[PDB]
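Participant: Experimental structure and its sequence below.
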Amino acid sequence: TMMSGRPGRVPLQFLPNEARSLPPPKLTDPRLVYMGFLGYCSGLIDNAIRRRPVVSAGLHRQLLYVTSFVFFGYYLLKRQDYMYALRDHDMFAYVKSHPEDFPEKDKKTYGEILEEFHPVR
Amino acid sequence: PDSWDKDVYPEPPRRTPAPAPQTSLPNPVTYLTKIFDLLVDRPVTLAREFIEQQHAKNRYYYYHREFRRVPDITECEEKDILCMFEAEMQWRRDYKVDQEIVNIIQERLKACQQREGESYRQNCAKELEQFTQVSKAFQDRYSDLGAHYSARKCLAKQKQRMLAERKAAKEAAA
Ligand SMILES: CCCCCCCCCCCCCCCCCC(=O)OC[C@H](COP(=O)([O-])OCC(O)COP(=O)([O-])OC[C@@H](COC(=O)CCCCCCCCCCCCCCCCC)OC(=O)CCCCCCCCCCCCCCCCC)OC(=O)CCCCCCCCCCCCCCCCC
Ligand SMILES: CCCCCCCCCCCCCCCCC[C@@H](O)O[C@H](CO[C@H](O)CCCCCCCCCCCCCCC)COP(=O)(O)OCC[N+](C)(C)C
């Protein structure tokens, strides 16, 4: 449990108020398009299982499938982006607070660095 | 011809002996040369003149792409991806140019051997020395880098060669 028990975490909160400062996913997100595609595939499989015309029957049902998948995908993407932003923020804060653990290393050029040469023959 | 550079592609001056016939028999080679000039050379020359006249009406130009020098891998810092990319690209371009230089020297050698003919072993010794030097330098540069060659591998090889030379010089001076 890495981020479980993180300070200031409200239980059973899908999206806390601090997530409102992040850019919401665009409606043309490729992930949202893929969620809609999954919904359309679910509708097609439903028609195939119930032995209806796969592409023609139940247009309203297929639309409901697509809409539900897009809705859930949008909220899931928001939560995922919030979690990744939180992880990056915590990592940067820890790096800033522990310089003796994360010291900058002096950079030496390849004219100074000696590398062994292994001929290919 | 002006298509190429005479310095880059030398040709010794051509000495053609003058004809000195000693018989009254007609020369079939001369007769056939005259026939060939009458039947082929004039038509092809007229066709080429027409084509070149057509070309001169739509004369346009193309240029030689120029690349500026960039800092090399010796100046690039460790794991600095942008500088390493620039240096690797420059090194690859230099490698291509060196390959073409070796090709030019080889063409010189082949042409000189063919031109000298039966006396190539003596008269081509000048072009053999240049080819020997160029091949030695090219081998010392890119002899055993491998399929995944890189500027870093070439630099490591040069460092190894320099260290070996320094060790040999120190041993000799000791
Ligand atoms: C379309 C490409 C999709 C690519 C993959 C994507 C993921 C899957 C797609 C989603 C599910 C589709 C529906 C599945 C059931 C289909 C049942 C069927 O018959 O369908 C025929 C159906 C029409 O037939 P029907 O006249 O209504 O009724 C005939 C009866 O169903 C006839 O029934 P029956 O009693 O004759 O059935 C007998 C047949 C029944 O066989 C089936 O039902 C086979 C299909 C179901 C098997 C599983 C499908 C995949 C489910 C997900 C699994 C992973 C997929 C990815 C895997 C990658 C690695 C392989 O059984 C056999 O043949 C048994 C021997 C063969 C078994 C071994 C082979 C199994 C292959 C399994 C994997 C297949 C992957 C691709 C599937 C593509 C299906 C279209 O055609 C379609 O469903 C076509 C696809 C939908 C087209 C939509 C077009 C929309 C308008 C244009 C859009 C243009 C682009 C958008 C942008 C705008 C541009 C302007
Ligand atoms: C103020 C008035 C307005 C309030 C607004 C509502 C506020 C939120 C209310 C939420 C509904 C009431 C609670 C109902 C149950 C809550 C369940 C969920 O919402 O809670 C979150 C949980 O979220 C869900 O778990 C995320 C669901 C994600 C589903 C997909 C998982 C990823 C699958 C990977 C492939 C995905 C493929 C595509 C799938 C569609 C966080 O709970 P948490 O206390 O912290 O859990 C602690 C235990 N842990 C840490 C071990 C987990």
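Facilitator: Cool, the structure landed. Numbering: from 1, shown residues only, chains lettered A, B, ... in the order given. Ligands and ions are numbered 1, 2, ... in the order given.
Participant: For stretch A:13-20, measure first residue to last.
Facilitator: This stretch, stretch A:13-20, spans 13 Å end to end (Cα to Cα, to the nearest Å).
Participant: can you list contacts of that stretch?
Facilitator: Contacts of stretch A:13-20 from elsewhere in the structure, counted by Cβ atoms under 8 Å, 6 or more residues apart in numbering or on different chains, are A:9-10, A:75, A:78-79, A:82. Where you see a C-beta, it was placed from the backbone N, CA and C, and this is true even at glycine.
Participant: Distance from that stretch to the middle of the chain?
Facilitator: If you compare the mean C-alpha spot of stretch A:13-20 with that of the full chain, they lie 16 Å apart, counting by Cα atoms, centre = their mean, to the nearest Å.
Participant: Counting neighbours, which bits of it end up buried?
Facilitator: Buried residues in stretch A:13-20, counting neighbours by 16 or more other Cβ atoms under 10 Å in any protein chain shown, are found at residue A:19.
Participant: Could you do stretch A:60-68 as well?
Facilitator: When burial is assessed from 16+ other Cβ under 10 Å, stretch A:60-68 yields the following buried residues: A:62, A:65-66.
Participant: Going by distance to ligand 1, which of those residues wins?
Facilitator: Within these, proximity to ligand 1 (Cβ to the nearest ligand atom) peaks at residue A:62, which comes in at 10.1 Å.
Participant: tell me which element that closest one falls in.
Facilitator: helix A:59-97 (DSSP states H and E).
Participant: Residue numbers of chain A in contact with chain B?
Facilitator: Chain A has residues A:107-111, A:113-117, A:119-121 near chain B, with proximity defined as Cβ under 8 Å from any Cβ of the partner chain.
Participant: Using ChimeraX, make a named selection holding only the buried ones among the residues you listed.
Facilitator: With 16+ other Cβ under 10 Å as the burial test, the buried ones among the residues of chain A next to chain B are selected in ChimeraX as follows:
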select /A:110,117
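Participant: nearest to chain B, of the contacts of stretch A:13-20?
Facilitator: Distances from those to chain B were compared by Cβ to the nearest Cβ; the smallest belongs to residue A:82, at 30.3 Å.
Participant: if I look at the closest residue to that closest one other than its chain neighbours, how far off is residue A:12?
Facilitator: Excluding its sequence neighbours, the residue lying closest to residue A:82 (Cβ to Cβ, 6 or more residues apart in numbering or on different chains) is residue A:19, at 4.0 Å. Between residue A:19 and residue A:12 the distance, using Cβ to Cβ, to the nearest Å, works out to 15 Å.
Participant: quick one: contacts for the residue in chain A positioned nearest to chain B?
Facilitator: Nearest residue of chain A to chain B (Cβ to the nearest Cβ) works out as residue A:120 at 3.2 Å. For residue A:120, the set of contacting residues under the criterion of Cβ under 8 Å, 6+ apart consists of B:144-147.
Participant: one more time with 10 Å
Facilitator: When contacts are counted by Cβ atoms under 10 Å, 6 or more residues apart in numbering or on different chains, residue A:120 is found next to B:143-149, B:153.
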